[PDB]
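Student: first piece of the complex, coordinates kept as in the full assembly:
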Amino acid sequence: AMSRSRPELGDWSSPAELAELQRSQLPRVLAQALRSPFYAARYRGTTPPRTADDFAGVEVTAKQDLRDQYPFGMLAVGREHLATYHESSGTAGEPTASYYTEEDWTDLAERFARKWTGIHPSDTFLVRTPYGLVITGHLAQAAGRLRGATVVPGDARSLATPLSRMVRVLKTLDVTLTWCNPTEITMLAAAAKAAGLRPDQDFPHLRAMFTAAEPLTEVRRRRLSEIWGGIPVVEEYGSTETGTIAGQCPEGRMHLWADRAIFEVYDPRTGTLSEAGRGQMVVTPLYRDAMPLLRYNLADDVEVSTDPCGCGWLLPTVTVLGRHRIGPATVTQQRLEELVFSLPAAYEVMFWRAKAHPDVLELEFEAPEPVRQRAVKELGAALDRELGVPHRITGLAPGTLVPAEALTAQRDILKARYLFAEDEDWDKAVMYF
């Protein structure tokens, strides 16, 4: 406890103390950055930044820089010192590489593990995010290991672990915590109902759901909580190349982990960087060796506030607005989402999609037949009142956007076989997935 190497909540009593925790790490950080081919080349000829003061002059690092430096242009240590290598989600054609030492991994795990509900050895923790190149599954599992929780590696987007099998695991293993994106929370609820289980009653050991990766309105988050019996839905904000940079407090806001990174809001028009306001999320992580980043622009649209929260945490808050005009009206996924998830929970509307045409908003959603026409009418009124856009809203039969087989299919985990008996299906010979 005495010789803990990185700060934790409670180590500062003021914003000036926080700023000194940050400033004191900058000489080590600037020295480590200069070991990478990217920064050594950037500061070739000139004198590199070495002091906290020099940081004010440090040029933004763009997503496009990380892509151009693929794979190891940002690497500051020998490859012998790397523990894991990762690529970000998004375009497969233009990969974003990131990589971490064991010591880098302790910082990552500690940041994920800042869940206000706690992670305890008595928890059974279902990790239902991908383990394929992306960090998300590995990050949750490492936080689970750090805190002693029993980790169930569900993975996501894998033929080994369909939703039917995840519902069975949730129920029969008395799972206490989940990690999955907010769409997966509704997919698991629909799979539960398909198996004849009520998400709001039949999972009494489930005490919290951890989520990230999508823009999530308070309206949808509250509905996800309600679907699963009113348990906490605990949001964090991160990326493969940064780790977790903000986490929810008990009052439902995400706070920036400023003890572990310098956070700045970038106005691309102005080219200026401030500590707060509206603009693009810029990050300087303070406790990484392998892949130093100096003012990395995640290029997410964010609002950062230094206004105190009811939680009492001495950290700024962040709303993530995401990274369409129909006549004058701007329509965001966020605004439509608040209207869709304001429908009464009894209508069981979870799955929807919209297309922004120049002239009209096309919107489709699944609802059971009895409530479909009520739902279409109420959502139409809500769009008229709140957005005033012309719309074509179509109610769909369940199983049309999210097929019954996604919710109920069971899939044997087969190995390759080459010789078959007459009565066997040899179409699973070499293609056994």
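Tutor: Done, it's in. Residues are numbered from 1 along each chain as shown, chains lettered A, B, ... in the order given.
Student: need the three-state assignment for residue A:375.
Tutor: Three-state call for residue A:375 (DSSP: H, G, I helix; E, B strand; the rest coil): helix.
Student: can you pull the contacts of it?
Tutor: By C-beta atoms under 8 Å, 6 or more residues apart in numbering, residue A:375 lies in contact with A:343, A:347, A:349, A:365, A:367, A:395. C-beta coordinates here come from the backbone N, C-alpha and C atoms, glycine included.
Student: can you rerun that using 7 Å?
Tutor: Neighbour list for residue A:375: A:343, A:347, A:349, A:367, A:395 [criterion: C-beta atoms under 7 Å, 6 or more residues apart in numbering].
Student: what would those look like in JSON lines with distance to residue A:122?
Tutor: Listed next are those as JSON lines, based on distance: C-beta to C-beta, whole Å:
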{"residue": "A:343", "distance to residue A:122": "37"}
{"residue": "A:347", "distance to residue A:122": "37"}
{"residue": "A:349", "distance to residue A:122": "36"}
{"residue": "A:367", "distance to residue A:122": "39"}
{"residue": "A:395", "distance to residue A:122": "44"}
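Student: which member of the residues you listed is positioned nearest residue A:145?
Tutor: residue A:349 (38.0 Å; C-beta to C-beta).
Student: and that closest one, what element?
Tutor: Following DSSP states H and E, there is no helix or strand that holds residue A:349.
Student: my guess is it contacts residue A:367, does it?
Tutor: Yes - using C-beta atoms under 7 Å, residue A:349 is in contact with residue A:367, at 5.3 Å.
Student: reformat the contacts of residue A:375 as a markdown table; add secondary structure.
Tutor: Output for the contacts of residue A:375, formatted as a markdown table (three-state DSSP):
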| residue | secondary structure |
| --- | --- |
| A:343 | coil |
| A:347 | helix |
| A:349 | coil |
| A:367 | coil |
| A:395 | strand |
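Student: can I get the residues you listed in JSON lines with distance to residue A:83 and neighbour count?
Tutor: Below are those laid out as JSON lines (distance: C-beta to C-beta, whole Å; neighbours: other C-beta atoms under 10 Å):
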{"residue": "A:343", "distance to residue A:83": "46", "neighbour count": "20"}
{"residue": "A:347", "distance to residue A:83": "47", "neighbour count": "18"}
{"residue": "A:349", "distance to residue A:83": "44", "neighbour count": "24"}
{"residue": "A:367", "distance to residue A:83": "47", "neighbour count": "23"}
{"residue": "A:395", "distance to residue A:83": "50", "neighbour count": "22"}
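Student: wait, which of those residues is closest to residue A:81?
Tutor: Nearest to residue A:81 among those, with distances taken as C-beta to C-beta, is residue A:349, at 50.3 Å.
Student: distance from the chain centre to stretch A:180-198, please.
Tutor: Per C-alpha atoms, centre = their mean, to the nearest Å, the displacement of stretch A:180-198 from the mean C-alpha position of its chain is 19 Å.
Student: buried residues in that stretch?
Tutor: Neighbour-count burial for stretch A:180-198 flags A:180-182, A:184-194, A:197 (criterion: 16 or more other C-beta atoms under 10 Å).
Student: which of those residues sit farthest apart?
Tutor: Top of the distance list for those (C-beta to C-beta): A:181 and A:197, 21.1 Å.
Student: got a list of contacts for the helix or strand hosting residue A:167?
Tutor: Here residue A:167 sits within helix A:163-172, counting by DSSP H and E. Under the contact criterion C-beta under 7 Å, 6+ apart, helix A:163-172 has outside partners A:126, A:128, A:152, A:154, A:175, A:187-188, A:191-192, A:195, A:197, A:202-203, A:206, A:406-410.
Student: do the same with stretch A:324-342
Tutor: Contact with stretch A:324-342 is made by A:215, A:217, A:219-220, A:223, A:322, A:349, A:352, A:354, A:356, A:361, A:365, A:379, A:382-383, A:386-389, as judged by C-beta under 7 Å, 6+ apart.
Student: repeat that for stretch A:12-27.
Tutor: Contacts of stretch A:12-27 (C-beta under 7 Å, 6+ apart): A:7, A:11, A:50-52, A:55, A:258-259, A:262, A:286, A:314.
Student: also put chain B on there:
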Amino acid sequence: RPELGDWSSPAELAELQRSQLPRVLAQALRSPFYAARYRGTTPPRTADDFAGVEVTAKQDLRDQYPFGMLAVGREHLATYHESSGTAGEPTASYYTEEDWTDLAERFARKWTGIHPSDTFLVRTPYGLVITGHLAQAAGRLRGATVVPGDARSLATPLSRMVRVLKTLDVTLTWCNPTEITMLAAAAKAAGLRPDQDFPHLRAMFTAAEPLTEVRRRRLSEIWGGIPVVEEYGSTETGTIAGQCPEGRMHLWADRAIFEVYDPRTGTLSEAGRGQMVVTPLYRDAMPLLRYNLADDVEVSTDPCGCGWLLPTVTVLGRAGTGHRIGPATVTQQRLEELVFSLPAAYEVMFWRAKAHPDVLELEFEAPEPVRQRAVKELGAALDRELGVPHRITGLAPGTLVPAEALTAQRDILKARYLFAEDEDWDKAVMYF
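Tutor: The block that follows adds chain B to the chains above:
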């Protein structure tokens, strides 16, 4: 825990094993399964009493789902797993941190070594099964850079694994032997020669299916003559045998008592032909007493040229069961040796066969100029070596393994709800 070199004879090995049995028998009796099994009676407590210990069947692990085999409080578990095979009847297994050190050490017994300078591509599943987690933990134990490929995942198609193999200078892979050929076919589709264009690739680790020496040597040749290092394991046991430099798998008998079960007689011997029985010696969470993995195996105590003081094991599994086809008996093992005895220039890697009562139906891919020579030579080989009537069909590449499997690229999408007029909104809630 012992390492190779800690015993100088089979009697010393047996004493390393016997000395752990009191702790193991005591830990087993903490589980509801063994407590119930030995209810009323006095339980086995000594090395000598082990000779009387009843086999534990696969069906027992299934019946005890989920935590009937659990010997510690759930607070002490690190990870929970389910085995490959039938989804309808899950086999649960689970491990403490200390259980995980034994698992990682056993996997890390690769005669080629795992070193911090290695870049290690883990191309097996992380979904409930242990295999991806096991390789990653061994990688971490030894300081190798782990690239988590995963397998059976939409995030990591073959095209992307081939790109990573090449551009990251990958030195080691972990994937089943069919995935070794799938990566070779995907390599060619990306314009890369498996036998020349991956000069940093120094070894390929493999397991999970019956593998003849003939096929293993061909996999090595496809990838430029580098070592193909086989292990034998299961989700519920971990790695129980690993390859030596002479190309045989040795049982990790310092970490588990191995016995061959004859199902008709119900007897257990140290060696011979029968079903693989395992008593792991260094696990707390899920003690197993003579667990019958029910794989068909031959164990030999004949000394190996490698000088390792451990018995060797061939694993037949399902690949050893004879199908009767007219006069002859055919195993997958024997067919495999004939298919992979075709000249390497024919590029025959993907095949399948059906045992009919009257005839062996066999299909395989071979590129166009050589396809008919391949069909003729494989026909002659079957006549000379098996004498089965056969119908052999040579297929164009892309028939058994479609070109799309080898070349498809898939963006890793999040859910999107709002789309622009010109976008495909059939990626909305089904974004996988």
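Student: in light of the added chain B, please revisit the buried residues of stretch A:180-198.
Tutor: Going by neighbour count (16 or more other C-beta atoms under 10 Å in any protein chain shown), the buried part of stretch A:180-198 is A:180-194, A:197.
Student: can you check stretch A:262-281 too?
Tutor: Quick answer for stretch A:262-281 (16+ other C-beta under 10 Å): A:262-266, A:273, A:276, A:279-281.
Student: again, but for stretch A:208-228
Tutor: Buried-residue list, stretch A:208-228, by 16+ other C-beta under 10 Å: A:208-217, A:220-225, A:227-228.
Student: out of those residues, which are inside strands?
Tutor: The members of the buried residues of stretch A:208-228 that map onto strands under DSSP state E are A:208-211.
Student: and of the buried residues of stretch A:262-281, the nearest to chain B?
Tutor: residue A:281 (16.5 Å; C-beta to the nearest C-beta).
Student: for residue A:200, which non-adjacent residue is spatially closest?
Tutor: Leaving aside its sequence neighbours, residue A:200 sits nearest to residue A:229 (C-beta to C-beta, 6 or more residues apart in numbering or on different chains; 4.2 Å).
Student: burial count for whichever residue of the stretch 201-350 of chain A sits closest to chain B?
Tutor: Nearest residue of the stretch 201-350 of chain A to chain B (C-beta to the nearest C-beta) works out as residue A:333 at 4.1 Å. Applying other C-beta atoms under 10 Å in any protein chain shown, we find 19 residues neighbouring residue A:333.
Student: residue A:382 and residue B:340: what is the separation?
Tutor: For residue A:382, the distance to residue B:340 (C-beta to C-beta, to the nearest Å) stands at 65 Å.
Student: likewise residue A:27?
Tutor: Distance, residue A:27 to residue B:340, using C-beta to C-beta: 60 Å.
Student: same check on residue A:344?
Tutor: Separation of residue A:344 from residue B:340 (C-beta to C-beta) stands at 63 Å.
Student: in the stretch 301-433 of chain A, which spans are helices?
Tutor: Counting by DSSP state H, counting those that start in this stretch, the stretch 301-433 of chain A has helices at residues A:333-340, A:369-386, A:404-408.
Student: most packed of the ones you listed?
Tutor: helix A:333-340 (a mean of 20; mean count of other C-beta atoms under 10 Å in any protein chain shown).
Student: what's the nearest residue to residue A:98 once chain neighbours are set aside in contact with, if anything?
Tutor: Leaving out its chain neighbours, the residue that sits closest to residue A:98 by C-beta to C-beta, 6+ apart is residue A:241, at 4.1 Å. Each residue near residue A:241 by C-beta atoms under 7 Å, 6 or more residues apart in numbering or on different chains is listed here: A:66, A:88, A:96, A:98.
Student: do the same with residue A:79
Tutor: By C-beta under 7 Å, 6+ apart, residue A:79 lies in contact with B:117, B:119, B:145.
Student: residue A:432 too?
Tutor: Listed by C-beta under 7 Å, 6+ apart, the contact set of residue A:432 reads A:414-416.
Student: quick check: closest non-adjacent residue to whichever residue of the stretch 151-300 of chain A sits closest to chain B.
Tutor: When scored by C-beta to the nearest C-beta, the stretch 151-300 of chain A has residue A:160 as its residue closest to chain B, at 3.2 Å. In space, and not counting its chain neighbours, residue A:160 is closest to residue B:127: 3.2 Å by C-beta to C-beta, 6+ apart.
Student: now for the residue of the stretch 1-150 of chain A found nearest chain B: which residues touch it?
Tutor: Residue of the stretch 1-150 of chain A nearest chain B, by C-beta to the nearest C-beta: residue A:132 (3.1 Å). Neighbouring residues of residue A:132 by C-beta under 7 Å, 6+ apart: B:148-150, B:153, B:155-156.
Student: just the buried residues of the helix or strand hosting residue A:106, please?
Tutor: Assessed by DSSP H and E, residue A:106 sits inside helix A:102-112. Applying a neighbour-count criterion of 16+ other C-beta under 10 Å, the buried positions in helix A:102-112 are A:103-112.
Student: what element comes up after it heading to the C-terminus?
Tutor: The helix or strand immediately downstream of helix A:102-112 is strand A:124-127, counting by DSSP H and E.
Student: for that following strand, output the C-alpha coordinates as PDB.
Tutor: Written as PDB, here are the backbone C-alpha positions of strand A:124-127 (Å, rounded to 0.1, in the frame of the first residue of the first chain):
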ATOM      1  CA  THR A 124     -18.500 -14.100 -11.400                       C
ATOM      2  CA  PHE A 125     -17.600 -11.800 -14.300                       C
ATOM      3  CA  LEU A 126     -18.900 -12.600 -17.900                       C
ATOM      4  CA  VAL A 127     -16.600 -10.900 -20.400                       C
END
